[PDB]
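Given as structure tokens, the chain that follows is alone and in the form deposited in one PDB entry.
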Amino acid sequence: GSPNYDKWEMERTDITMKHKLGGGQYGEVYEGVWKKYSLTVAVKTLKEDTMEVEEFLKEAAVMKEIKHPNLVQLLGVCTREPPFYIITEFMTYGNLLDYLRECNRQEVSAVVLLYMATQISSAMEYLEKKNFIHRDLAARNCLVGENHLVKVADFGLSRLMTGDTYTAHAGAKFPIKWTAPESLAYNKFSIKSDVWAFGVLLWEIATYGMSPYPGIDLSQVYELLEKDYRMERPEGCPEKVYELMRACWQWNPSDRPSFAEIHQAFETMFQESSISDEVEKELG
């Protein structure tokens, strides 16, 4: 309502900054509170005025355009000067990989695993409509809130997260075990390489957060995929869900389903599982 108004910009002093989240493995992300509204938030910060600002501002610009119940929601930015902030809603249960690894399986039961996949595929159907290619879909980049609410996020983890997850490839660092063959071979990323990664994420969900391709060296993964090797069906994984994994891992990207198709399939399976679950709960 005045000349320098920007509807997304907030004053840094609006936010109480608290501790760093993720132990450094997730970069410069902090818990905060939006004081005026007594609301816990998460805040990504960039302290210095360097070339890193270009990607930080690109991230903020994308987040202003995307909005969906299962995408982490932008609340505001501080991008007029350093230190730069991106402020989002707070997801109380943290990243999905550790959630799965730490959960009570009587609570996070078969129907909840389907619910998780359904929510993620709904977010990805939306990103497919926007034609936003995520490039690093994996359980480590999803977040969990109350009542098993799951949202897709992106923490730009490839040079933050240490260990075997990301390794040197094509002058960058790739999560080899989530990467579609044509992305490994030709650096070709697309909605269909996100579909491949979603299939790996389904396997992470089915195994309560196991690392993929167990015991297989990173150096061998591409060669094996090219011979048509694919991960086996996890114990307890429904056949229909494994069929969807295998569809996501079609060698030719054009042969992989769309996220619209994937989401419809999961919504159907989830509603069926929910009926059985509600009946079982009602009994006693």
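In this text, the rigid core denotes the largest set of C-alpha atoms whose superposition between the two forms falls within 1.5 Å. Residue numbers here begin at 1 and follow the sequence given.
The following text describes the form solved in complex with a small molecule, which does not appear among the structures shown.
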| item | value |
| --- | --- |
| In the deposited complex, the one of 185, 149, 170, 110 near the small molecule [non-hydrogen atom within 4.5 angstroms] | 110 |
| Of 213, 208, 166, 84, the one that lies within 4.5 Å of the small molecule in the deposited complex (heavy atoms) | 208 |
| The small molecule contact in the deposited complex: residue 69, any heavy atom under 4.5 Å | no |
| Contact of residue 235 with the small molecule in the deposited complex (heavy atom, 4.5 Å) | yes |
| In the deposited complex, residue 275 touching the small molecule (heavy atom, 4.5 Å) | yes |
| Residue contact check: residue 120 to the small molecule in the deposited complex, 4.5 Å heavy atom | no |
| Complete contact of 51, 159 and 197 with the small molecule in the deposited complex (any heavy atom, 4.5 Å) | no |
| Residue 17 C-alpha shift between this form and the one not shown of 2 Å or more, rigid core reference | no |
| Rigid-core frame, C-alpha of residue 261, shift of 2 angstroms or more between this form and the one not shown | no |
| Note on residue 278-residue 198 C-alpha separation in the deposited complex, which departs from the shown form by 3 angstroms or more | closer |
| Sense of CA distance change between residue 272 and residue 117 in the deposited complex, threshold 3 Å | farther |
